Amino acid sequence: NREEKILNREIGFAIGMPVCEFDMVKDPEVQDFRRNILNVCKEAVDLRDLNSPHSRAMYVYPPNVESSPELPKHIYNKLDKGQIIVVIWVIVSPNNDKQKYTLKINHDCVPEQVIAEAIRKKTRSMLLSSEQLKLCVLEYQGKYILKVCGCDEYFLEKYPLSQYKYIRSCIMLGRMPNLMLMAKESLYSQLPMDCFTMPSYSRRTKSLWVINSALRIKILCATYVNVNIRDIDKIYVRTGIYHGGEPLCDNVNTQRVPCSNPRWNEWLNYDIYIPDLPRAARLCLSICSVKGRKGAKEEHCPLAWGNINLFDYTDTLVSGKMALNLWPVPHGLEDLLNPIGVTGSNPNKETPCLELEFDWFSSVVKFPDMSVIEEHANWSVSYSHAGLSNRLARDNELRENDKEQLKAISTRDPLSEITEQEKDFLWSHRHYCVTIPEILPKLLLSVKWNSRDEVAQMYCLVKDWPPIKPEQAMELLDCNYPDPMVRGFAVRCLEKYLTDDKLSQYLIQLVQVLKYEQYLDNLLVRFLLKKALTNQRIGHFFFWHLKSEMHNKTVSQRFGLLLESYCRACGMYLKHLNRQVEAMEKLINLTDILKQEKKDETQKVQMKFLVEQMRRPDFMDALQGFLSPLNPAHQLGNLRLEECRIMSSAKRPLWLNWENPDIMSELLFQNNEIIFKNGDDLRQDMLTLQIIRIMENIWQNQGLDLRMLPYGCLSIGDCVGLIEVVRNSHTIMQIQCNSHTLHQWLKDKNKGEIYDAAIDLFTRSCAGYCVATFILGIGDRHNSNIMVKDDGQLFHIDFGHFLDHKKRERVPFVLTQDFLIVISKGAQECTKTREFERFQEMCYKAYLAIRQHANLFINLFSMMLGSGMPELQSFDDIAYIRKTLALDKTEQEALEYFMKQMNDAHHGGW
Ligand SMILES: CC(C)n1nc(-c2ccc3oc(N)nc3c2)c2c(N)ncnc21
């Protein structure tokens with residue numbers, strides 16, 4: 001009633017469009033999705049109310065843990081005899097006195113064991129309780145919970161203390177962990193119980209295989225096809241039947257008609273049997289122009305494109321009259337068709353519009369049930385009769401060379417081209433493939449999707465297919481794998497083997513591949529929403545990754561509806577997301593005014609305006625007392641306007657400073673510094689920074705302490721976003737204030753016995769960033785986009801473009817004598833040193849480690865193909881890292897290559 005209205009108003013502000021606009025959408029798929037997705041909402045809420053309050057605190061404050069408890073060789077070695085020193089703080093009776101208790105405990109100690117040990121140290125003063133009954137009422141560890149001093153991170157689950165990301169970091173960085181003992185009932189009360197309500201909208205035949213006919217589609221007429229008559233001669237419609245990025249038959253064009261009258265009334269006949277149409281078959285079309293000639297070949301140009309699914313969300317083969325509002329052709333489209341393009345009708349109806357008719361076979365035609373599929377697969381299942389086609393291998397036919405040949409095929413990278421000889425081979429030996437389940441993505445590409453008999457066989461193999469690694473399953477979710485039985489299996493592996501640490505790690509890819517789903521209601525959307533609604537850390541980024549694309553009409557309906565369902569069931573977080581949403585709004589409206597009206601003024605004038613505009617009551621209210629969209633465990637107190645400045649950088653970003661309202665702010669950072677950028681697409685920087693974190697985690701799990709700085713970066717909208725500020729760090733140029741200038745500065749900041757640890761950090765971070773940038777083909781490095789910390793850690797900022805920004809593999813990070821003098825610790829011939837010898841083997845061991853995990857990076861890039869990212873628009877883009885990692889070459893041939901690239905850029909040494 002009145003409360004539904006408030007909520008409707010609250011969701012409307014969060015997603016950026018009124019809920020009422022979803023109610024007017026006549027599409028049954030839309031209204032069904034809104035109503036039918038509500039069971040995920042119910043289930044998620046029920047799980048939160050299972051063991052209240054704890055159950056609800058786990059949702060709000062989930063454990064920030066690593067996937068594996070096992071501490072690597074070098075990490076366990078930082079512990080003194082396998083024991084970690086921790087500092088526990090108690091806020092005692094006001095004037096809120098902070099009292100510390102320093103403890104030495106095993107790294108595998110559970111938080112409850114730590115609370116007891118802290119109470120044991122605290123009570124030690126009263127020696128009466130020390131000897132007699134050391135217990136102290138079971139040391140009431142159920143009356144207290146651990147919190148991270150300085151931020152809203154809690155230790156609520158029975159995990160070894162070292163498995164917690166904060167504690168593992170503290171071990172690696174040589175920092176003492178400061179924890180705060182906070183009474184259980186004080187957190188539990190701060191949590192308002194959820195009152196999830198069901199919305200008002202929540203109330204409201206023949207089989208395909210019996211149609212012994214060829215497919216046909218009628219192409220009627222086109223409107224809103226406004227064309228300069230003087231240029232174009234004729235216009236025709238190019239059409240094709242696809243399954244993902246692969247055609248099921250040959251592409252059929254209509255007759256050419258004068259552009260003044262786009263009227264065809266033609267029935268287009270295709271090279272495909274109707275029972276032979278796979279589930280994910282789609283019609284792909286475009287309106288093309290043709291003018292010439294100069295006595296040469298005809299100048300074909302695609303005007304606008306569109307794709308329709310041959311079957312609707314209810315498995316119904318689309319029948320009857322239709323209208324498709326076409327889409328503009330994106331720059332550099334090498335084809336007349338756009339199969340990898342978004343499927344569906346353009347929301348703007350003032351765009352070219354193709355009117356079609358599909359066949360009507362006297363009744364509602366539907367895709368057969370699995371019972372009919374299995375009964376046509378068991379129905380599918382001599383010496384010279386099993387050998388009349390290279391797609392059948394009988395019993396007593398499996399060779400030991402074949403077993404190793406299939407094994408060799410499985411090793412090959414995702415972009416490694418399977419030959420047609422190799423496809424017939426994988427298909428004939430499909431039943432052995434179950435022994436090495438990792439072969440599935442290659443085997444699935446060996447299927448002739450245009451054959452019902454072949455596809456039905458594949459469907460049965462997928463049914464009883466051994467689950468694969470979560471990282472391995474993610475490929476089966478890219479554009480290449482449209483089939484629901486395939487994608488459903490991939491979701492099933494993630495549903496089972498994917499940790500919440502890894503879901504947070506790969507969330508952007510998982511949000512992206514959603515655009516490759518045929519329907520609004522699928523197993524991926526349900527998987528992701530459930531995780532978003534049972535973990536508020538995942539939930540936060542699901543919301544922001546989806547909100548940041550609401551300006552993109554290609555996805556705004558899917559995403560809008562997904563955000564509607566999310567906002568109804570997230571609970572209290574909605575009020576906090578709304579605060580962030582309003583904060584970001586005010587920074588966009590303000591940075592817009594500066595860019596449009598005041599760009600041509602002095603820093604002094606611009607700052608005067610900034611300060612005046614920020615001091616306004618409506619502004620001050622919105623921009624203080626909210627959670628950092630970058631890390632929502634960060635409270636952003638009051639603005640420190642005296643520390644807020646417009647940066648001299650390009651797009652003139654705002655450096656913003658907030659107080660940290662935590663009582664233990666001083667034990668983390670007393671002030672939160674975020675950079676607000678308006679003007680650049682922050683999406684490439686999110687992907688690079690994600691890849692850097694992954695490369696770093698790989699090296700750290702092999703015994704390579706090559707420290708990276710994957711700083712926070714979050715795209716919050718259309719070329720607007722947030723950048724984390726790396727505290728106490730300076731660019732190479734702001735160190736030059738000769739050749740020893742850098743080494744001089746580092747040696748100065750790190751004087752004494754702290755010098756030998758600061759040198760190692762430079763050389764190790766340098767080796768990591770040197771290997772990372774080469775492989776990735778990041779934008780060329782200079783004195784301004786290389787930064788150094790007052791401890792020794794080197795890192796890069798502003799990545800620009802990845803892969804081939806040129807359009808024949810570069811070394812973007814070339815080492816100046818400065819960096820090499822720090823490595824060789826002042827040495828004259830920095831080439832022939834014992835220090836550079838230890839640095840060479842760092843770069844070599846780093847490069848080979850990434851080579852081993854090539855298939856993950858290739859996959860993480862392919863999932864991101866859906867994104868409008870100009871440097872990631874084709875599989876020919878991702879192809880770059882297949883060159884840098886020398887995947888065709890051997891492990892020794894690849895090492896020689898890396899040395900040659902470094903040598904032909906640094907002019908020797910290696
Ligand atoms: C040069 C100096 C002021 N500085 N600049 C940045 C910075 C600014 C914008 C960016 O856009 C992207 N993509 N990466 C960026 C990095 C920065 C930081 N993140 N931490 C510390 N100092 C920093």
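Cβ: placed from backbone, ideal geometry, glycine included. Neighbour counts: every protein chain shown. No lab work stands behind these numbers, since they all come straight from the coordinates.
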Read through the list (1) over 31 Å from the mean Cα position of the chain (by Cα); (2) within 12 Å of the ligand (Cβ to nearest atom); (3) surrounded by 16 or more Cβ atoms within 10 Å (Cβ to Cβ), then give the number of the only condition that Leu742 fails.
(2)
Sole residue being hydrophobic (A, V, I, L, M, F, W, C) and in contact with a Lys or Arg (Cβ under 6 Å, 6 or more places away or on another chain), chosen from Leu415, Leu406, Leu440, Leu398
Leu415
Hey, can you tell me all the residues within the stretch 642-678 that are among the β-branched types (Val, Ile, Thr) and farther than 30 Å from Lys98 by Cα?
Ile646, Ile675
When you scan the stretch 71-95, how many residues do you find that are outside any strand (DSSP E or B) and among the aliphatic types (A, V, I, L, M)?
3
Output the residue which, of all residues in the stretch 652-668 that are within 13 Å of the ligand (Cβ to nearest atom) and assigned to a loop (DSSP other than H, G, I, E, B), is farthest from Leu587 (Cα to Cα).
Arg652
Counted residues, the stretch 780-800 - those being touching a strand residue (DSSP E or B) at 6+ places or on another chain (Cβ under 9 Å), farther than 19 Å from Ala758 by Cβ and aromatic (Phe, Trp, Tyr):
0
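Could you list, in sequence order, the residues of the stretch 794-840 that are among the charged types (D, E, K, R), closer than 29 Å to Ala886 by Cα and assigned to a loop (DSSP other than H, G, I, E, B)?
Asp798, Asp804, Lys806, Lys807, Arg808, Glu809, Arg810, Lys832
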Looking at the stretch 150-189, which of the residues that are of a type in the set (S, T, N, Q) and touching a helix residue (DSSP H, G or I) at 6+ places or on another chain (Cβ under 7 Å) is farthest from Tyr76 (Cα to Cα)?
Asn178
Wholly within the stretch 1-56, helices (runs of 4 or more DSSP H) carrying at least 1 residues that are in contact with a helix residue (DSSP H, G or I) (Cβ under 8 Å, 6 or more places away or on another chain) and more than 24 Å from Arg526 (Cβ to Cβ)
2-15, 20-23
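Okay, residues lined up against (1) β-branched (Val, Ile, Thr); (2) over 26 Å from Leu722 (Cβ atoms):
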{"position": "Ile786", "(1), (2)": "yes, no"}
{"position": "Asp790", "(1), (2)": "no, no"}
{"position": "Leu794", "(1), (2)": "no, no"}
{"position": "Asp798", "(1), (2)": "no, no"}
{"position": "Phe802", "(1), (2)": "no, no"}
{"position": "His805", "(1), (2)": "no, no"}
{"position": "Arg810", "(1), (2)": "no, yes"}
{"position": "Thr816", "(1), (2)": "yes, yes"}
Flag for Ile274 being among the β-branched types (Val, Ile, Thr) and touching a helix residue (DSSP H, G or I) at 6+ places or on another chain (Cβ under 9 Å):
yes
Considering residues of the stretch 526-573 that are among the β-branched types (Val, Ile, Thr) and in a helix (DSSP H, G or I) only, the residue nearest to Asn631 (Cα to Cα)
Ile538
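For residues in the stretch 750-793 being aromatic (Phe, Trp, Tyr) and under 30 Å from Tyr880 (Cα atoms), which is farthest from the ligand (Cβ to nearest atom)?
My answer is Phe774.
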Checking the structure you have, find out if any residue of the stretch 669-684 is in contact with a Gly (Cβ under 8 Å, 6 or more places away or on another chain), assigned to a helix (DSSP H, G or I) and within 9 Å of the ligand (Cβ to nearest atom).
yes
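Please determine whether any residue of the stretch 729-736 is within 16 Å of the ligand (Cβ to nearest atom), of a type in the set (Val, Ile, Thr), surrounded by 22 or more Cβ atoms within 10 Å (Cβ to Cβ) and closer than 18 Å to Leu820 by Cα.
First pass over the stretch 729-736, keeping only residues within 16 Å of the ligand (Cβ to nearest atom): 729-736.
So of that shortlist, the ones also of a type in the set (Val, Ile, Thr) come out as 731-732, 735.
Now drop any that are not surrounded by 22 or more Cβ atoms within 10 Å (Cβ to Cβ), which leaves none.
No, that holds for no residue.
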Please go through the stretch 404-436 and pick out each residue that is of a type outside the set (S, T, N, Q), part of a helix (DSSP H, G or I) and either out of contact with any helix residue (DSSP H, G or I) (no Cβ under 8 Å at 6 or more places or on another chain) or exposed (fewer than 13 other Cβ atoms within 10 Å of the Cβ) (or both).
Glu404, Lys407, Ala408, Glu420, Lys423, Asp424
Checking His730 against (1) more than 22 Å from the chain's Cα centre (by Cα); (2) within 30 Å of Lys553 (Cα to Cα), the condition it does not meet:
(2)
Just checking, how many residues over the stretch 701-727 are of a type in the set (D, E, K, R) and either over 26 Å from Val788 (Cβ atoms) or more than 15 Å from the ligand (Cβ to nearest atom) (or both)?
3
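Here is a yes/no grid of residues against (1) more than 22 Å from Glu696 (Cβ to Cβ); (2) touching a strand residue (DSSP E or B) at 6+ places or on another chain (Cβ under 9 Å); (3) charged (D, E, K, R):
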| position | (1), (2), (3) |
| --- | --- |
| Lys751 | yes, no, yes |
| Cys770 | no, no, no |
| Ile778 | no, yes, no |
| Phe802 | no, no, no |
| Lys825 | yes, no, yes |
Selection within the stretch 601-651 - crowded, with 16+ Cβ neighbours inside 10 Å, within 16 Å of the ligand (Cβ to nearest atom) and closer than 14 Å to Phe676 by Cβ
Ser628, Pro629, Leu630, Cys644, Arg645, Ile646
Give me a count of the residues in the stretch 353-380 that are buried (at least 17 other Cβ atoms within 10 Å of the Cβ) and acidic (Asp, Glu).
2
Which condition breaks for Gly712 when tested against (1) over 28 Å from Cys151 (Cα atoms); (2) in contact with a strand residue (DSSP E or B) (Cβ under 6 Å, 6 or more places away or on another chain); (3) of a type outside the set (S, T, N, Q)?
(1)
Residues of the stretch 688-700 satisfying the condition of being more than 9 Å from the ligand (Cβ to nearest atom), under 16 Å from the mean Cα position of the chain (by Cα) and either over 23 Å from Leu627 (Cα atoms) or surrounded by fewer than 18 Cβ atoms within 10 Å (Cβ to Cβ) (or both):
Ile691, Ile692, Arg693, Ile694, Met695
